[PDB]
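Inspection log for the structure reproduced underneath, given as structure tokens.
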Amino acid sequence: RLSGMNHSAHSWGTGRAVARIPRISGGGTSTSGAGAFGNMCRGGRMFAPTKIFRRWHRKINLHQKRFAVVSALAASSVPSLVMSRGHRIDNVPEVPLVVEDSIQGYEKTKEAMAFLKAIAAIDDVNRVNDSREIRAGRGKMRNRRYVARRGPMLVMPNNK
Amino acid sequence: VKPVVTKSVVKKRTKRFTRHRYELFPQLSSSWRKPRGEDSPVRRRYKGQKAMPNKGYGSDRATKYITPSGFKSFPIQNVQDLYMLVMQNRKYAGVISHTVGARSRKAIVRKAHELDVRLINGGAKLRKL
Amino acid sequence: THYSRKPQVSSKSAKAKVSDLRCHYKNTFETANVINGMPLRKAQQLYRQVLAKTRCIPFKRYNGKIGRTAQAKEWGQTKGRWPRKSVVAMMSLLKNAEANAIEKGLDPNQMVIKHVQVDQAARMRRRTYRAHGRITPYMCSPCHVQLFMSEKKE
Amino acid sequence: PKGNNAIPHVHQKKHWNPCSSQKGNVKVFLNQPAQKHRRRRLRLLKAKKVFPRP
Amino acid sequence: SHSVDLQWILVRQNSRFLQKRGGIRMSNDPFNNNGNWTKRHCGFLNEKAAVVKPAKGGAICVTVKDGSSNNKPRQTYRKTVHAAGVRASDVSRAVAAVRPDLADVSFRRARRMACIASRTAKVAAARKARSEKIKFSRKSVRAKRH
Amino acid sequence: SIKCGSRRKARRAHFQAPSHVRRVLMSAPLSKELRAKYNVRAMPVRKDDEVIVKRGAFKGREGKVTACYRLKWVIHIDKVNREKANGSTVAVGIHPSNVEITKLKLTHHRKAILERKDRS
RNA sequence: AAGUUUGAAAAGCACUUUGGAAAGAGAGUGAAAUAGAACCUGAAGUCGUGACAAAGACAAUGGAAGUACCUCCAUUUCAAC
RNA sequence: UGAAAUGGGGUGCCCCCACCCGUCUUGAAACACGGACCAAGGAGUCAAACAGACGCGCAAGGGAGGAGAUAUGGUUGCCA
RNA sequence: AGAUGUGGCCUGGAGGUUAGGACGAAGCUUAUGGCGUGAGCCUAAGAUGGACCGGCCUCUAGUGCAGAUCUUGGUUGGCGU
RNA sequence: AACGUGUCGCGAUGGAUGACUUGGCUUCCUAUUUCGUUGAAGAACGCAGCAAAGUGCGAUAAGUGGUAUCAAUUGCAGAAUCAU
């Protein structure tokens with residue numbers, strides 16, 4: 001809240017043959033008499049300083065949240081949408097692909113791979129895997145280095 | 001692949017629109033901006049001031065967006081994008097993107113010359129055999 | 001970098017330059033540019049005569065207010081001037097480009113001067129004290145100088 | 001004030017915004033869930049120490 | 001049951017297959033015949049569709065959807081190769097059995113693939129004919145594997 | 001100097017890492033013939049180790065590692081060299097992760113490490 | 001006020017030569033030295049230099065419409081065409 | 001197969017047309033005020049109460065808030 | 001003056017999707033042309049550069065400059081006065 | 001003719017843009033977390049083979065002691081010589 005502010009700056013006024021903005025008070029430094037307290041001044045405030053009390057989080061009707069997930073599943077059962085939504089889905093045996101309950105029994109990861117290759121899902125997880133790049137953007141420097149495409153989520157009833 | 005011919009290609013106005021009094025100032029860009037000046041001569045249409053853009057300058061909508069070769073220009077980043085315009089190649093032509101490569105640019109020149117789709121910035125020596 | 005231009009047949013040529021030479025730009029602009037076509041030996045003659053105030057360095061630009069002179073008639077201008085400080089510098093630079101050409105196996109008596117060029121250089125500042133407690137820049141203005149030579153023969 | 005709109009009673013006159021000048025009585029709940037996970041973690045730990053007392 | 005009418009309002013303005021570039025809307029769908037973005041030409045979307053798609057030399061495949069195995073994908077797209085010298089009205093009349101909407105395009109596309117293959121034959125012959133004269137200082141071969 | 005998520009704390013804790021951390025951080029892999037014997041994936045480089053460069057422009061050179069310069073994040077080998085302008089040779093430094101440990105010096109606390117690493 | 005960010009590595013230009021020196025001309029290192037110390041990229045503005053276009057005083061620019069000379073940017077054509 | 005040709009571009013010229021921008025103003029080319037050049041900065045935002053349009057859910061019912069409960073009593077994290 | 005519309009142009013980022021890049025990314029420069037009434041886009045060349053990045057749907061905002069005796073840095077005619 | 005103007009090719013002056021980031025801001029959590037007459041916070045001088053600032057340290061002064069670690073530190077010189 002104090003950024004671009006701490007200064008003794010006042011305005012010289014009219015009659016000094018200079019703009020009327022406030023100016024830093026003192027002497028012997030490079031910034032003596034420079035402008036202060038304004039968004040235009042080099043280093044002044046930002047225009048309307050951002051706050052923490054912005055409205056960050058929106059409510060949603062409890063119902064519409066339910067409607068929306070329900071409505072989002074009916075799109076998971078259509079192979080045409082899924083085609084254009086981007087997943088390969090070429091060799092997938094059937095739209096609500098369904099698998100056994102023993103899938104929870106795997107322990108080594110090498111076996112869960114040949115599973116995905118058996119129901120054909122290894123073609124999509126090679127769309128995610130071959131799409132990993134370093135971002136174009138400033139996001140690299142924020143803690144996000146890599147972009148990946150979104151993959152074939154798998155739904156297991158228990159946490160286990 | 002001789003293009004689809006249209007009617008006459010006449011443009012209404014070739015000369016560009018440049019903003020008022022940009023030559024005087026080196027920072028002013030030649031791009032247009034509408035003068036809002038109250039006593040500004042250009043806004044008032046003084047005959048010998050520069051002309052403004054209108055709805056009236058349209059390109060005839062028949063020959064609109066057609067390059068001088070007769071091909072509406074469709075951009076292409078990779079050899080797979082040639083297949084879309086294989087069928088309409090009489091109409092559209094491809095434009096290799098800037099960043100596409102000396103190596104990929106080798107491929108698209110081949111797989112265009114085979115399909116007879118036309119590339120603008122594609123090498124023209126295969127055409128002038 | 002530098003050397004804005006390139007000699008034709010650089011196998012016969014002598015480059016030379018000085019950079020950030022402390023001397024006035026606007027005076028060295030004038031005393032260098034007089035040479036630009038002159039063979040070496042006659043470009044040095046020109047300078048030893050200027051120091052003797054027989055001939056003069058014509059100022060074609062940077063004339064703003066100057067004394068008229070009768071020695072500027074040979075060059076077509078009325079205005080001229082005799083800048084020893086900047087002549088003595090160009091004396092040593094031409095004497096360098098003669099030492100380059102002589103180590104290249106050339107006879108300097110046939111060397112003709114081509115492409116003399118003078119540019120502004122980073123100028124260094126000093127202050128000045130004025131009425132009513134003011135201070136105003138006293139800055140000076142050094143120059144960059146570069147030239148090359150080439151032979152000439154029948 | 002202009003138009004048929006309702007007569008605004010918003011009470012904001014007192015200094016609340018923490019303007020570069022002042023501090024200002026603003027309470028923000030951005031820590032709500034982190035204190036939701038904390039009150040639970042501390043009901044469990046006490047349940048783990050109180051054992052087997054209800 | 002998610003009619004084509006309803007699915008075309010969903011995928012119209014966003015898609016993997018949309019590919020609108022420089023103001024033009026083409027379609028990168030493999031099942032488009034000519035490549036415009038419209039219902040009659042969306043192969044992935046429609047409940048019955050067909051394509052004229054090439055194969056070796058001049059053979060012309062045709063891939064064909066149908067109502068019934070509509071889900072279950074390796075089973076929903078069925079390709080059948082016509083012989084090399086096939087007439088174009090032959091291929092179109094195949095597509096017109098499934099989807100008579102496409103009877104014109106499949107013809108124009110059948111004649112098109114036939115033009116491409118005999119175009120590749122002239123080119124690839126003339127490139128290698130004058131490729132002999134060039135002495136290459138490198139070439140690469142992927143070694144056969146067992 | 002552990003990898004974090006934040007990359008600002010990671011690079012910071014990496015380049016402000018003190019000496020001993022810089023000993024671990026710069027560690028070469030050791031040749032298969034020394035992986036067979038000690039059953040260890042890689043070790044931090046010591047002074048006298050004899051070592052082969054796999055990484056670059058010196059690729060295939062073999063030398064004794066004069067000294068480990070931990071401030072420059074670099075190892076100095078024998079027979080990895082360059083001549084200055086004036087004709088003397090100066091040891092060209094190479095980063096350890098680019099290099100391979102063929103023969104490593106042994107001392108009693110360096111052995112207590114190889115016993116302590118054993119995967120078996 | 002001020003990134004001291006050269007480069008992968010100082011390999012930070014040995015040496016010859018003109019100079020009182022600063023430096024210049026060579027050479028050498030390096031993929032780049034137009035990366036040579038402020039050293040990555042190196043913009044605008046202003047200035048120099050070769051070439052060239054011309055140009056009377058109507059302050060200059062500006063509109064529209066031609067022509068003169070360039071441009072070699074684009075598209076098109078080249079023979080039962 | 002080097003050229004020809006049409007278009008675009010550049011520089012000069014001719015006949016003609018043409019007051020200096022932004023602004024306050026009944027009125028600005030004004031002997032009205034701001035104005036040497038450039039680069040980078042530079043001005044309707046955030047929050048709350050009320051209303052009316054328009055999008056959505058539900059409907060004589062609608063909707064929470066705070067908290068609790070577990071998948072999560074887990075996970076560096078993705079999970080605030 | 002003012003009101004609104006645009007499948008309307010641009011900018012930093014987040015959710016998606018599709019691509020590019022040491023055979024040369026962003027940036028930069030150009031009598032480089034092409035497209036759009038226009039904001040602008042796109043290709044060509046760099047004897048520029050040295051590692052990132054484009055399109056499209058949606059979200060998002062510290063999002064578009066010529067003017068304030070605007071701020072800061074630089075430069076400049078006056079003036080070799 | 002000269003000055004001056006204009007276009008291009010290169011060159012200087014100038015330090016923008018992008019790419020780069022151990023900095024900033026803000027939000028959150030953990031805890032046998034709160035200084036001082038047993039001389040604190042702040043102040044001054046000093047200390048290194050070479051030492052201006054800065055960091056560390058106090059006449060035991062760029063550090064002593066103890067444990068853990070396991071061959072450096074490093075611009076230069078110097079230095080027991082590998083089982084601690």
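We label chains A, B, ... in the order they appear in the structure tokens, count residues from 1 in each chain, and number ligands from 1 in the order shown.
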
Please tabulate, as a tab-separated table, the residues of stretch 8-75 of chain I that come within 10 Å of stretch 29-44 of chain G, each with its closest pair of atoms and the distance in Å to one decimal, counting only C-alpha atoms (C1' of nucleotides) and ordering rows by chain, then residue number upward.
```
residue	atom	partner	partner_atom	distance
I:27	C1'	G:41	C1'	7.4
I:28	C1'	G:43	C1'	6.8
I:29	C1'	G:43	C1'	8.9
I:48	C1'	G:41	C1'	9.5
I:49	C1'	G:41	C1'	6.6
I:50	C1'	G:40	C1'	8.5
```

Please return, as a list in words, all residues of chain D that DSSP assigns to helix (DSSP H, G or I) on the basis of the backbone.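 So the helix (DSSP H, G or I) residues in chain D would be residues 32, 33, 34, 35, 36, 37, 38, 39, 40, 41, 42, 43, 44, 45, 46, 47, 48, 49 and 50 of chain D.
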
Write a file of the just-selected residues containing N, CA and C atoms, as a CSV table (one decimal), in the first residue's frame.
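Writing done, so here's out_20.csv:
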```csv
chain,number,residue,atom,x,y,z
D,32,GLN,N,-9.5,-18.8,5.2
D,32,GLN,CA,-10.6,-19.6,5.7
D,32,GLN,C,-10.3,-21.1,5.5
D,33,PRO,N,-10.0,-21.7,4.4
D,33,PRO,CA,-9.9,-23.1,4.3
D,33,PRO,C,-8.6,-23.6,5.0
D,34,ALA,N,-7.5,-22.8,5.0
D,34,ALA,CA,-6.3,-23.3,5.7
D,34,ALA,C,-6.6,-23.4,7.2
D,35,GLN,N,-7.6,-22.6,7.7
D,35,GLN,CA,-8.0,-22.8,9.1
D,35,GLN,C,-9.1,-23.8,9.2
D,36,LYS,N,-9.6,-24.2,8.1
D,36,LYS,CA,-10.6,-25.3,8.1
D,36,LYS,C,-9.8,-26.6,8.2
D,37,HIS,N,-8.7,-26.8,7.5
D,37,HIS,CA,-7.9,-27.9,7.6
D,37,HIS,C,-7.1,-27.9,8.9
D,38,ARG,N,-7.0,-26.8,9.5
D,38,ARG,CA,-6.3,-26.8,10.8
D,38,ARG,C,-7.2,-27.2,12.0
D,39,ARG,N,-8.4,-26.7,12.0
D,39,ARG,CA,-9.3,-27.1,13.1
D,39,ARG,C,-9.6,-28.6,13.0
D,40,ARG,N,-9.6,-29.1,11.8
D,40,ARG,CA,-9.7,-30.6,11.8
D,40,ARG,C,-8.5,-31.3,12.2
D,41,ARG,N,-7.3,-31.0,11.7
D,41,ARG,CA,-6.1,-31.6,12.2
D,41,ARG,C,-5.9,-31.5,13.7
D,42,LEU,N,-6.5,-30.5,14.3
D,42,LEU,CA,-6.4,-30.4,15.8
D,42,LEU,C,-7.6,-31.1,16.5
D,43,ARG,N,-8.6,-31.5,15.8
D,43,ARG,CA,-9.6,-32.3,16.4
D,43,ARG,C,-9.1,-33.8,16.4
D,44,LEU,N,-8.4,-34.1,15.3
D,44,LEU,CA,-7.9,-35.5,15.3
D,44,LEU,C,-6.8,-35.7,16.3
D,45,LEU,N,-5.8,-34.8,16.3
D,45,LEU,CA,-4.7,-35.0,17.3
D,45,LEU,C,-5.2,-35.1,18.7
D,46,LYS,N,-6.2,-34.2,19.1
D,46,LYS,CA,-6.7,-34.3,20.4
D,46,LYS,C,-7.4,-35.7,20.6
D,47,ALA,N,-8.1,-36.1,19.5
D,47,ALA,CA,-8.8,-37.4,19.6
D,47,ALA,C,-7.7,-38.5,19.7
D,48,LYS,N,-6.5,-38.3,19.1
D,48,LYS,CA,-5.4,-39.3,19.2
D,48,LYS,C,-4.8,-39.2,20.6
D,49,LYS,N,-4.8,-38.1,21.3
D,49,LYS,CA,-4.3,-38.0,22.6
D,49,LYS,C,-5.3,-38.4,23.7
D,50,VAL,N,-6.6,-38.0,23.5
D,50,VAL,CA,-7.6,-38.3,24.5
D,50,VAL,C,-7.9,-39.7,24.6
```

Return as a Markdown table the residues of chain F lying at most 9 Å from chain J, together with the closest atom-to-atom pair for each and the distance in Å to one decimal, counting only C-alpha atoms (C1' of nucleotides), with rows in chain order and ascending residue number.
```
| residue | atom | partner | partner_atom | distance |
| --- | --- | --- | --- | --- |
| F:8 | CA | J:22 | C1' | 7.2 |
| F:9 | CA | J:22 | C1' | 7.8 |
| F:10 | CA | J:22 | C1' | 8.9 |
| F:11 | CA | J:22 | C1' | 6.4 |
| F:12 | CA | J:22 | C1' | 4.1 |
| F:13 | CA | J:22 | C1' | 7.6 |
| F:14 | CA | J:22 | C1' | 8.6 |
| F:15 | CA | J:22 | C1' | 7.0 |
| F:16 | CA | J:22 | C1' | 7.3 |
| F:20 | CA | J:69 | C1' | 7.6 |
| F:46 | CA | J:71 | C1' | 7.1 |
| F:47 | CA | J:71 | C1' | 7.3 |
| F:68 | CA | J:72 | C1' | 8.4 |
| F:69 | CA | J:74 | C1' | 8.1 |
| F:71 | CA | J:74 | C1' | 8.5 |
| F:107 | CA | J:82 | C1' | 7.2 |
| F:108 | CA | J:83 | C1' | 6.6 |
| F:109 | CA | J:70 | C1' | 5.8 |
| F:110 | CA | J:70 | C1' | 6.8 |
```

What lies within 6 Å of stretch 11-24 of chain I using only C-alpha atoms (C1' of nucleotides), ignoring chain neighbours under 4 positions off, as a ChimeraX atom specification? /B:102-103 /I:63

Using only C-alpha atoms (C1' of nucleotides), which protein or nucleic acid residues come within 12 Å of residue I:43? Drop anything in the same chain fewer than 5 positions from it, and give the result as a ChimeraX atom specification. /B:67,73-76,94-99,119-122 /G:73-74 /I:32-35

File dump, residues just selected, N, CA and C atoms (P, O5', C5', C4', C3', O3' and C1' of nucleotides), as a PDB file, in the first residue's frame:
```pdb
ATOM      1  N   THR B  67      -5.285 -12.638 -54.195  1.00  0.00           N
ATOM      2  CA  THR B  67      -3.969 -12.123 -54.513  1.00  0.00           C
ATOM      3  C   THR B  67      -3.853 -11.928 -56.020  1.00  0.00           C
ATOM      4  N   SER B  73      -5.176 -16.870 -50.253  1.00  0.00           N
ATOM      5  CA  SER B  73      -3.961 -17.362 -49.613  1.00  0.00           C
ATOM      6  C   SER B  73      -4.294 -18.048 -48.294  1.00  0.00           C
ATOM      7  N   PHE B  74      -3.939 -19.325 -48.195  1.00  0.00           N
ATOM      8  CA  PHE B  74      -4.151 -20.101 -46.974  1.00  0.00           C
ATOM      9  C   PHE B  74      -2.809 -20.513 -46.377  1.00  0.00           C
ATOM     10  N   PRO B  75      -2.530 -20.207 -45.113  1.00  0.00           N
ATOM     11  CA  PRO B  75      -1.216 -20.531 -44.545  1.00  0.00           C
ATOM     12  C   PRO B  75      -1.058 -22.000 -44.169  1.00  0.00           C
ATOM     13  N   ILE B  76       0.189 -22.469 -44.206  1.00  0.00           N
ATOM     14  CA  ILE B  76       0.539 -23.871 -44.009  1.00  0.00           C
ATOM     15  C   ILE B  76       1.773 -23.970 -43.126  1.00  0.00           C
ATOM     16  N   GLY B  94      -1.289 -22.174 -50.868  1.00  0.00           N
ATOM     17  CA  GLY B  94      -0.658 -22.247 -49.566  1.00  0.00           C
ATOM     18  C   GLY B  94       0.435 -21.208 -49.407  1.00  0.00           C
ATOM     19  N   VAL B  95       0.662 -20.802 -48.164  1.00  0.00           N
ATOM     20  CA  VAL B  95       1.768 -19.925 -47.805  1.00  0.00           C
ATOM     21  C   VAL B  95       2.518 -20.546 -46.640  1.00  0.00           C
ATOM     22  N   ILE B  96       3.756 -20.971 -46.891  1.00  0.00           N
ATOM     23  CA  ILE B  96       4.614 -21.441 -45.816  1.00  0.00           C
ATOM     24  C   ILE B  96       4.771 -20.323 -44.800  1.00  0.00           C
ATOM     25  N   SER B  97       4.739 -20.667 -43.521  1.00  0.00           N
ATOM     26  CA  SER B  97       4.909 -19.655 -42.493  1.00  0.00           C
ATOM     27  C   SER B  97       6.366 -19.215 -42.416  1.00  0.00           C
ATOM     28  N   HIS B  98       6.596 -18.083 -41.753  1.00  0.00           N
ATOM     29  CA  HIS B  98       7.945 -17.532 -41.652  1.00  0.00           C
ATOM     30  C   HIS B  98       8.891 -18.480 -40.940  1.00  0.00           C
ATOM     31  N   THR B  99       8.494 -18.948 -39.760  1.00  0.00           N
ATOM     32  CA  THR B  99       9.354 -19.739 -38.895  1.00  0.00           C
ATOM     33  C   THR B  99       9.578 -21.158 -39.392  1.00  0.00           C
ATOM     34  N   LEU B 119       2.035 -23.243 -53.884  1.00  0.00           N
ATOM     35  CA  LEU B 119       2.641 -22.470 -52.822  1.00  0.00           C
ATOM     36  C   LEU B 119       3.159 -21.160 -53.390  1.00  0.00           C
ATOM     37  N   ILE B 120       2.895 -20.079 -52.666  1.00  0.00           N
ATOM     38  CA  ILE B 120       3.355 -18.759 -53.061  1.00  0.00           C
ATOM     39  C   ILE B 120       4.842 -18.643 -52.781  1.00  0.00           C
ATOM     40  N   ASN B 121       5.225 -18.722 -51.510  1.00  0.00           N
ATOM     41  CA  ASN B 121       6.635 -18.657 -51.156  1.00  0.00           C
ATOM     42  C   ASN B 121       7.342 -19.993 -51.281  1.00  0.00           C
ATOM     43  N   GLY B 122       6.652 -20.996 -51.813  1.00  0.00           N
ATOM     44  CA  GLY B 122       7.254 -22.295 -52.035  1.00  0.00           C
ATOM     45  C   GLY B 122       8.215 -22.052 -53.181  1.00  0.00           C
TER      46      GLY B 122
ATOM     47  P     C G  73      13.851  -8.781 -56.479  1.00  0.00           P
ATOM     48  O5'   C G  73      12.750  -7.862 -55.811  1.00  0.00           O
ATOM     49  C5'   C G  73      12.433  -8.014 -54.446  1.00  0.00           C
ATOM     50  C4'   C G  73      10.969  -7.819 -54.225  1.00  0.00           C
ATOM     51  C3'   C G  73      10.064  -8.663 -55.091  1.00  0.00           C
ATOM     52  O3'   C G  73       9.922  -9.976 -54.586  1.00  0.00           O
ATOM     53  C1'   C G  73       9.302  -6.437 -55.085  1.00  0.00           C
ATOM     54  P     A G  74       9.757 -11.226 -55.576  1.00  0.00           P
ATOM     55  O5'   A G  74       8.223 -11.190 -55.964  1.00  0.00           O
ATOM     56  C5'   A G  74       7.238 -11.103 -54.955  1.00  0.00           C
ATOM     57  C4'   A G  74       5.939 -10.585 -55.507  1.00  0.00           C
ATOM     58  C3'   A G  74       5.379 -11.325 -56.697  1.00  0.00           C
ATOM     59  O3'   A G  74       4.759 -12.544 -56.338  1.00  0.00           O
ATOM     60  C1'   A G  74       5.232  -9.020 -57.084  1.00  0.00           C
TER      61        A G  74
ATOM     62  P     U I  32      12.030  -1.713 -49.365  1.00  0.00           P
ATOM     63  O5'   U I  32      11.417  -3.144 -49.603  1.00  0.00           O
ATOM     64  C5'   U I  32      11.962  -3.986 -50.594  1.00  0.00           C
ATOM     65  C4'   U I  32      11.097  -5.195 -50.776  1.00  0.00           C
ATOM     66  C3'   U I  32       9.626  -4.905 -50.959  1.00  0.00           C
ATOM     67  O3'   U I  32       9.315  -4.540 -52.284  1.00  0.00           O
ATOM     68  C1'   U I  32       9.889  -6.603 -49.359  1.00  0.00           C
ATOM     69  P     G I  33       8.334  -3.314 -52.582  1.00  0.00           P
ATOM     70  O5'   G I  33       7.472  -3.811 -53.814  1.00  0.00           O
ATOM     71  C5'   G I  33       6.080  -4.026 -53.682  1.00  0.00           C
ATOM     72  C4'   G I  33       5.768  -5.484 -53.489  1.00  0.00           C
ATOM     73  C3'   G I  33       4.314  -5.806 -53.214  1.00  0.00           C
ATOM     74  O3'   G I  33       3.572  -5.918 -54.408  1.00  0.00           O
ATOM     75  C1'   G I  33       5.671  -6.892 -51.627  1.00  0.00           C
ATOM     76  P     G I  34       2.029  -5.515 -54.447  1.00  0.00           P
ATOM     77  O5'   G I  34       1.311  -6.644 -53.592  1.00  0.00           O
ATOM     78  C5'   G I  34       1.151  -7.953 -54.111  1.00  0.00           C
ATOM     79  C4'   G I  34       0.371  -8.830 -53.174  1.00  0.00           C
ATOM     80  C3'   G I  34      -0.887  -8.220 -52.606  1.00  0.00           C
ATOM     81  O3'   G I  34      -1.971  -8.273 -53.506  1.00  0.00           O
ATOM     82  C1'   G I  34       0.328  -9.254 -50.884  1.00  0.00           C
ATOM     83  P     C I  35      -3.196  -7.261 -53.347  1.00  0.00           P
ATOM     84  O5'   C I  35      -3.944  -7.768 -52.046  1.00  0.00           O
ATOM     85  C5'   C I  35      -4.575  -9.032 -52.018  1.00  0.00           C
ATOM     86  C4'   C I  35      -5.104  -9.340 -50.649  1.00  0.00           C
ATOM     87  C3'   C I  35      -6.018  -8.294 -50.060  1.00  0.00           C
ATOM     88  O3'   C I  35      -7.330  -8.345 -50.561  1.00  0.00           O
ATOM     89  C1'   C I  35      -4.437  -8.911 -48.455  1.00  0.00           C
TER      90        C I  35
END
```

List as a ChimeraX atom specification the protein and nucleic acid residues near residue E:70, meaning an atom at most 12 Å away when only C-alpha atoms (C1' of nucleotides) are counted, but skip any in the same chain fewer than 4 places from it. /A:77-80,93-95 /E:44-49,64-66,74-78

For the contact check between chain C and chain J, emit one row per residue of chain C within 6 Å, containing the shortest atom pair and the distance in Å rounded to one decimal, counting only C-alpha atoms (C1' of nucleotides), chain then rising number order, as CSV.
```
residue,atom,partner,partner_atom,distance
C:2,CA,J:11,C1',5.9
C:4,CA,J:11,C1',4.2
C:119,CA,J:12,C1',6.0
```

Write out as a PDB file with N, CA, C and O atoms (P, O5', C5', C4', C3', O3' and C1' of nucleotides), in the first residue's frame every residue belonging to chain I that has an atom at most 6 Å from any atom of chain A, counting only C-alpha atoms (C1' of nucleotides).
```
ATOM      1  P     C I  53       9.149 -16.909 -25.557  1.00  0.00           P
ATOM      2  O5'   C I  53       8.508 -17.460 -26.898  1.00  0.00           O
ATOM      3  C5'   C I  53       8.557 -16.676 -28.075  1.00  0.00           C
ATOM      4  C4'   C I  53       7.865 -17.338 -29.235  1.00  0.00           C
ATOM      5  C3'   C I  53       6.377 -17.575 -29.094  1.00  0.00           C
ATOM      6  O3'   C I  53       5.596 -16.422 -29.334  1.00  0.00           O
ATOM      7  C1'   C I  53       7.390 -19.520 -29.932  1.00  0.00           C
ATOM      8  P     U I  69       0.387  21.582 -17.810  1.00  0.00           P
ATOM      9  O5'   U I  69       1.790  21.458 -18.550  1.00  0.00           O
ATOM     10  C5'   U I  69       2.030  22.101 -19.793  1.00  0.00           C
ATOM     11  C4'   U I  69       3.257  22.965 -19.755  1.00  0.00           C
ATOM     12  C3'   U I  69       4.438  22.423 -18.982  1.00  0.00           C
ATOM     13  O3'   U I  69       5.198  21.546 -19.790  1.00  0.00           O
ATOM     14  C1'   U I  69       4.082  24.718 -18.472  1.00  0.00           C
ATOM     15  P     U I  71       7.134  17.185 -16.423  1.00  0.00           P
ATOM     16  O5'   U I  71       7.681  15.857 -15.758  1.00  0.00           O
ATOM     17  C5'   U I  71       7.116  15.356 -14.562  1.00  0.00           C
ATOM     18  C4'   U I  71       7.541  13.937 -14.313  1.00  0.00           C
ATOM     19  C3'   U I  71       8.965  13.623 -14.721  1.00  0.00           C
ATOM     20  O3'   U I  71       9.908  13.968 -13.733  1.00  0.00           O
ATOM     21  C1'   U I  71       7.531  12.003 -15.622  1.00  0.00           C
ATOM     22  P     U I  72      11.307  14.599 -14.161  1.00  0.00           P
ATOM     23  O5'   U I  72      12.170  13.348 -14.620  1.00  0.00           O
ATOM     24  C5'   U I  72      12.487  12.315 -13.705  1.00  0.00           C
ATOM     25  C4'   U I  72      12.984  11.082 -14.407  1.00  0.00           C
ATOM     26  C3'   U I  72      14.118  11.281 -15.382  1.00  0.00           C
ATOM     27  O3'   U I  72      15.372  11.411 -14.760  1.00  0.00           O
ATOM     28  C1'   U I  72      12.491   9.921 -16.370  1.00  0.00           C
TER      29        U I  72
END
```

Could you pull the residues within 12 Å of residue C:52, counting only C-alpha atoms (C1' of nucleotides), minus those fewer than 6 positions along the same chain, as a list in words?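 Counting only C-alpha atoms (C1' of nucleotides), the residues come to residues 45, 46, 82, 83, 84 and 87 of chain C.
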
Tell me, as JSON, numbers by chain, which residues lie within 9 Å of residue I:9, counting only C-alpha atoms (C1' of nucleotides); anything in the same chain fewer than 5 positions away does not count. {"I": [38, 39, 40]}
